[PDB]
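This report refers to the structure that appears directly beneath it.
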Amino acid sequence: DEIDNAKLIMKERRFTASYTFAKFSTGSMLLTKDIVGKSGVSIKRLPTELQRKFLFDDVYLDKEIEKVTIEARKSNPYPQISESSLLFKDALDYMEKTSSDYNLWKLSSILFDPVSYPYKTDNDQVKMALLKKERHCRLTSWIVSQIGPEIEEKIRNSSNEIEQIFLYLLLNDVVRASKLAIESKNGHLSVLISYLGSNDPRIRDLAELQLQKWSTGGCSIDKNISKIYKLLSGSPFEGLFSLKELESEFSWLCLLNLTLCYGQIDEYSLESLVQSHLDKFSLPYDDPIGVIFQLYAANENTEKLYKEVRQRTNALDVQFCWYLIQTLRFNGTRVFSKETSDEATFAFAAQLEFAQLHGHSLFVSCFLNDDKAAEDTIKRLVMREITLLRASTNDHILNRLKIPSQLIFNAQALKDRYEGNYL
Amino acid sequence: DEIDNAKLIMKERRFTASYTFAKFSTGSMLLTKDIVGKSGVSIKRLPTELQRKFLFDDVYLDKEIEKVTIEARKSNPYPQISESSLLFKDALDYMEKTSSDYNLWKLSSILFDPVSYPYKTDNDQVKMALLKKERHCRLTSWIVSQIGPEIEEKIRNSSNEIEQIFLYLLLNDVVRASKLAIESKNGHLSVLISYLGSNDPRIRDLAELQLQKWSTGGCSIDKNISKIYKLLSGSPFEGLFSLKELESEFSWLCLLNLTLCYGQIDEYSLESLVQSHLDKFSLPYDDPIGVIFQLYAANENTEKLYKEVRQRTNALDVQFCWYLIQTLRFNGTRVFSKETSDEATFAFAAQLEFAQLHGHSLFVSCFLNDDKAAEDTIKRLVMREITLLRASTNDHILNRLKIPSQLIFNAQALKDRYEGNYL
Amino acid sequence: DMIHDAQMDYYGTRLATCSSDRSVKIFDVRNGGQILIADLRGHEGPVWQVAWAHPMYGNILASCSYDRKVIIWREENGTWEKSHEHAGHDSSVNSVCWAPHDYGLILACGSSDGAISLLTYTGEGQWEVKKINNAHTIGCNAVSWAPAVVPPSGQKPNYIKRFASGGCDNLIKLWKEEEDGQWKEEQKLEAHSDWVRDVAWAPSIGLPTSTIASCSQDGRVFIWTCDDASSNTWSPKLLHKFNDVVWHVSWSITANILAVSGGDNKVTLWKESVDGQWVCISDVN
Amino acid sequence: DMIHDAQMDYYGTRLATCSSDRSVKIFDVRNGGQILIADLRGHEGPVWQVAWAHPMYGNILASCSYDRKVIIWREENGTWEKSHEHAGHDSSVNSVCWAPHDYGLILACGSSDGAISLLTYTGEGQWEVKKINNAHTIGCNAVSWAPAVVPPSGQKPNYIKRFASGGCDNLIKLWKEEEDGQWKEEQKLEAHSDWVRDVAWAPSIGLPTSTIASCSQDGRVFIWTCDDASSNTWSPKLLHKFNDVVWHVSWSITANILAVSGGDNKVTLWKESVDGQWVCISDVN
């Protein structure tokens, strides 16, 4: 007598017994129906796929804040970042030297963080050339450590001293590569190896001109003695006796180090140099250290590539992307569009919300260009999580972020007011 | 020492530890990977959502086969249906009188199954008029049973006898509607009610002409005495005192019965008549008996509506659709396109394949016009399931379906041959 | 037995609910644990949707129902009594929603008779009701408010005050409060082949590219978009189609993730890719 | 530990399998119960895909592998020995497939070096190998045969003998047996933004509207429909995109249901609606 209406209405309403439902809520939690609730309201929560430990310790957020200068925007009292001396370097301390992160980070910190020479020198053509180089070593010197285990060990495997030498070169170790040369009664090499570090056409030609001759009948010598002269020719990969063959067992990074050390075609941009390597060789698909290079390599097209890249790969950590754009934007390092920046600032500031990290979330919100949006978010974020942003989060985050005296009092008053009746 | 290749190759192959897989097989079963198999090959099978019990009993398939005439096609020995005396009626026996199916089926069997005199009188003006009517009663007589509980019971509720009468009319029960009229000292009605069944303009006008007058300062009149005269006017729903108001508590079908009994507005075709009702009233959503009417109603546009209809509703059962097209195609009853027929023959013959009931599949397969396709399927179906189509399925299905002597021997030989080595 | 709609309170403290047993239960979730607090009974028919007003007006919660009546329950010290009721529609009332807190305390209700009432609040226990007859052909199911958007003087701006709404005619009509006083249908949106089930006006992340989502009996989910402010252009884009009906759709606040409820008792999440195509991020339950 | 591909025998009697442990296991399934029958070991590297030849040639099964070699195992009274082997490619061999039984007993193999061998069988233990170098840029992953289609004399027709094939260059190149004797790339299909994973040539239900499905790293599944009014016009249509890669794709025989393997360890089924948009019929597992 009571089931026919449930049937009538269930039916007069196109309602299958399959009817389910779910709705997100203010705090960002969703309420699925499961039968697991006193009233069947599975209040599951939203996952912050944002995984990087240090984000959960006051110190980082707190300390990284002194790294900035806040100032109310031109169209309202809502704070926005004026100046930020933020470098990849900063982050290194909070990470561990064995993780790929430390690498990705340490790398960027090298490719982008600004080289800063100590003693001021009158001559500028010089200063510009030093930093030019400081950045050079810094990077090769790194890859030397990344290919250290790789090559070092691959050396224990030889009964061919000449091959042994070519290997020491591969580690940019001329000193030991030379010592070996003399000690094996293969001195003439110790000579070339001497020149290797410089740029002398005499040699260059002497090398190549020889190479050409070596292809006529008389081929009585080691692939190693050849490979070595090749390192003198200049371009070793696009050569008459190319090294493109090494892609077999060497790390693409082992090779790259070559093009950056012996693969000088003419004196010009490193960025463009790196880029030259990428052309002859393709890099590991989902590799973060890889991608980061393309970004460095594609100089002016920076933002364009980024956009292009992110559209195909889930290899760059939201927080990274953001920290990138930001460190690059406040150092002149590169060319980044307001639309794209804020586009990725939301991204991050969101994960931080999902996480219940309102201070970190809020803070990252300040790099918002769009004054309307900034205000828009901030008012929202604060109006809902005031209690959480009060008494112990460090006791003042909001005054630290130059947030509006009024907004605080307003949203504050509102909850005290809310709790007021509940009690 | 052995895990680094799994890692290298897993990686040198863009293979996430997420790699899964699944492939359908000849029998139509899919092999998912689950860890539930000795070798992790969950050989799950494909569901034949084709719910209708009788399909699993030899008798039906067997008996329904004598209902046909098979004949090899014009371009090969592959059998195709020449003649099929198949009617919805046939199916009724194997179903149960309480299910909506029996209705849907019983209904169609009325709207489409041929009507027929049982004695040879040939005034085509007469015979054509009889069948015209036989089909008429047959249908109203049905709806009378569908609205029986509905109205009958709704009558126990009335203190008003006049309203009681109007109700008896609604069931096309004049005899009792009249008796009541006289017994309540409301005789004049018993007179009109007398005329109601016929078509006399005198009355018709007498009614309407009165109705018009009743709208001028003459109240205290039963809505029932009015509603009744309305039933005389001719068109009751498109009237000067319309009954369109009844959509409130009456089954749309209750109304329809009206337009088919008192709404003979014009003396034409039934199909078009039914169609007239549909125009003033919206139909029940997801309703199979409903849809079937639109199909009957939209005469020449038959196939067009069908296409139109199937695109919005899962109310019409694959097997039905098929049986429809087929019973309609072999009786001249309607207009159906080869492309659309075969289009739906595959549909059905497929479900029958997932169920494994090949006997049915092969048979429905003969309802294929495209001689290439027919041959194409048949050769396939048989080549794979010969053993199953042999010794006990009734012992001859294949000879019964005028299938090729060669195909049998060929596919047969092939498996004996296959089993040959397996042993 | 089976609940229909249940929505968390602002400040995430309570959790009102309602099921076909005509009972509006308000639970409380402190720490993740559910704890009833009152069972507001009062509808002659199952309750459909339910919505919490903005804490700025104290603690209010309204629930509509198949009883053709809508109830507003205030709260005064634990005193969960109803301060007002409204039965301005003849057929059931499929949905309710509150206007962005700045417009004031306005409540929108779409019935099944094809109408739409709008309870505005006054100084005391008074409520005017500007109504919209024959808004949809066969009735209305969804009602969503357009995000409060602000347009040299001492004034709180006059907003565009719009609010969309789907129904049984398949049309998702948008609406607007004409400067004089009554709402008019700014535009229709016919992309659905059957009943529109729900229509949700995504919140603007300050961003001007206002969006709106809809799901219907046909089993398709469209995310209608407007390319710029003031251009009457709503270009629908297909999210996905399931062989079964979709019952509800909601927007996650920051990312604009769509929670798609419907089909196989399953609920899905979607985020629009850097490519423009929408994807399923995961399967709930 | 983890299997890769496993395919049921014709006549649904056996079930060959292979996993990364370099073992090609043939299990029997009579009544639904799995029962091993032999563990054909012989690959220096994990086995990738595996295919059963047509019973018309006895009982044959071929398996390719990362060992750059492909093996063909015959059967003579339980004698599961290999009658032939072929290491004509330098890099691993991602896939194999047999040509429709009418063309004869031809086997197609796509390597990772970017080539494609084609073992045709002769009278005895002999196998000619018409090969295709640099077919795809970075290698090949999929190889599928186009359904055997028949074109006044005593002759078994000369078929169009086509067979598609995806690879690491993102192109799904179709191919054709030139009247003289070698294959040429009739056409390229560039719709994928990353590696094409698998490519399956749907079987023609006698119907001339030949289709083909593909899935790739980008996580999209396309259905290249084609009305070859004598000219190659393959118009791709998007099935769906998941945020994760799709590993395999197969066609169900009658309905043309697509089994979509990939994404979240889940497998999906699809059928193109009476409307033209493809839908997910269900979730496996």
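Chain lettering (A, B, ...) mirrors the order of the structure tokens, residue numbering begins at 1 for each chain separately, and ligand numbering begins at 1 in order of display.
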For residue 349 in chain B, list every protein, DNA or RNA residue within 7 Å, evaluated using only C-alpha atoms, and leave out those in the same chain fewer than 4 positions away; present the list as a PyMOL selection string. chain B and resi 345+353+361+364-365
Save out the residues we just selected, N, CA and C atoms, as an mmCIF file, in the first residue's frame.
```cif
data_model
loop_
_atom_site.group_PDB
_atom_site.id
_atom_site.type_symbol
_atom_site.label_atom_id
_atom_site.label_comp_id
_atom_site.auth_asym_id
_atom_site.auth_seq_id
_atom_site.Cartn_x
_atom_site.Cartn_y
_atom_site.Cartn_z
ATOM 1 N N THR B 345 19.591 -8.055 -38.637
ATOM 2 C CA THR B 345 19.632 -9.506 -38.607
ATOM 3 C C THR B 345 20.971 -9.868 -37.982
ATOM 4 N N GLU B 353 25.010 -15.973 -31.017
ATOM 5 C CA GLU B 353 26.309 -16.605 -31.131
ATOM 6 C C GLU B 353 27.039 -16.580 -29.783
ATOM 7 N N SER B 361 21.423 -19.079 -34.517
ATOM 8 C CA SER B 361 22.265 -18.140 -35.249
ATOM 9 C C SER B 361 22.241 -18.472 -36.728
ATOM 10 N N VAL B 364 18.826 -17.656 -38.183
ATOM 11 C CA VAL B 364 18.576 -16.225 -38.388
ATOM 12 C C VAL B 364 19.507 -15.689 -39.471
ATOM 13 N N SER B 365 20.684 -16.299 -39.555
ATOM 14 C CA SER B 365 21.666 -15.910 -40.548
ATOM 15 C C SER B 365 21.107 -16.012 -41.965
#
```
Interface residues on chain D facing chain B, 7 Å, only C-alpha atoms, written as number ranges by chain: D: 8, 10-12, 34, 55-56, 58, 76-78, 205-207, 247-248, 250-255, 259, 261-262, 264-265, 274-275
Dump of C-alpha atoms for the selected residues, as a tab-separated table (two decimals), in the first residue's frame:
```tsv
chain	number	residue	atom	x	y	z
D	8	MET	CA	43.36	-19.19	-27.65
D	10	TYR	CA	41.21	-22.04	-33.32
D	11	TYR	CA	38.39	-24.46	-32.41
D	12	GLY	CA	38.92	-23.14	-28.86
D	34	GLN	CA	43.43	-24.92	-17.46
D	55	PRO	CA	44.39	-25.76	-38.44
D	56	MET	CA	44.43	-26.26	-42.20
D	58	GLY	CA	48.21	-28.97	-39.01
D	76	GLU	CA	53.41	-34.35	-34.82
D	77	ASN	CA	51.55	-36.69	-32.44
D	78	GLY	CA	52.34	-34.69	-29.31
D	205	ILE	CA	31.31	-9.16	-41.11
D	206	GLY	CA	31.04	-9.66	-44.88
D	207	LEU	CA	30.50	-5.89	-44.76
D	247	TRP	CA	48.57	-1.38	-24.38
D	248	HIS	CA	46.34	-3.56	-26.50
D	250	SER	CA	41.23	-6.38	-30.03
D	251	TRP	CA	38.12	-6.92	-32.08
D	252	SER	CA	35.25	-9.10	-31.01
D	253	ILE	CA	34.11	-11.08	-34.10
D	254	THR	CA	30.43	-10.49	-34.66
D	255	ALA	CA	29.53	-7.16	-33.16
D	259	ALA	CA	38.30	-4.75	-26.09
D	261	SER	CA	43.30	-3.00	-22.72
D	262	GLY	CA	45.27	-0.24	-21.08
D	264	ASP	CA	44.56	1.48	-15.07
D	265	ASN	CA	45.15	-2.31	-15.26
D	274	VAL	CA	23.29	3.53	-33.62
D	275	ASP	CA	24.42	7.14	-33.38
```
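For chain D, the residues having at least one atom no farther than 8 Å from chain C, when counting only C-alpha atoms, are residues 241, 242, 243, 279, 280 and 281 of chain D.
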Can I get the selected residues back with C-alpha atoms, as a PDB file, in the first residue's frame?
```
ATOM      1  CA  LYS D 241      41.418   9.131 -24.247  1.00  0.00           C
ATOM      2  CA  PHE D 242      42.608   7.971 -20.842  1.00  0.00           C
ATOM      3  CA  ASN D 243      45.256   9.826 -18.875  1.00  0.00           C
ATOM      4  CA  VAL D 279      30.570   3.598 -26.115  1.00  0.00           C
ATOM      5  CA  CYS D 280      31.940   1.635 -23.248  1.00  0.00           C
ATOM      6  CA  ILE D 281      29.733  -1.400 -22.641  1.00  0.00           C
TER       7      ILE D 281
END
```
Leaving out residue 143 in chain D and any residue of its chain fewer than 6 positions from it, which residues lie within 10 Å of it when counting only C-alpha atoms, given as a ChimeraX atom specification? /D:94-98,108-111,116,163-167,172-174,198-201
May I have the residues of chain A within 9 Å of chain B, counting only C-alpha atoms, written as a JSON list (two decimals) with N, CA and C atoms, in the first residue's frame?
```
[["chain", "number", "residue", "atom", "x", "y", "z"],
["A", 14, "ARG", "N", 11.26, 8.69, -14.25],
["A", 14, "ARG", "CA", 12.37, 8.15, -15.03],
["A", 14, "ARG", "C", 13.54, 7.80, -14.12],
["A", 284, "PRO", "N", 65.96, 9.88, -23.84],
["A", 284, "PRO", "CA", 65.01, 9.00, -23.15],
["A", 284, "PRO", "C", 63.64, 9.66, -22.97],
["A", 285, "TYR", "N", 62.61, 8.95, -23.42],
["A", 285, "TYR", "CA", 61.27, 9.48, -23.41],
["A", 285, "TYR", "C", 60.74, 10.18, -22.18],
["A", 286, "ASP", "N", 60.52, 9.46, -21.10],
["A", 286, "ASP", "CA", 59.96, 10.09, -19.92],
["A", 286, "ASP", "C", 61.01, 10.56, -18.94]]
```
So which residues of range 248-419 of chain B fall under helix (DSSP H, G or I) by DSSP, listed as a ChimeraX atom specification? /B:248,252-261,270-280,288-297,302-310,318-329,338-354,358-365,371-384,387-389,397-400,405-419
Looking only at the backbone, which of the residues in range 89-182 of chain D does DSSP tag as strand (DSSP E or B), as a PyMOL selection string? chain D and resi 95-98+107-110+116-121+127-129+132+140+144-145+162-164+167+171+174-177
Show which residues sit within 10 Å of range 39-50 of chain D, as a ChimeraX atom specification. Count only C-alpha atoms, and ignore same-chain residues fewer than 4 positions away. /B:5-6,9 /D:3-8,16-27,61-71,73,80-82,92-97,141-142
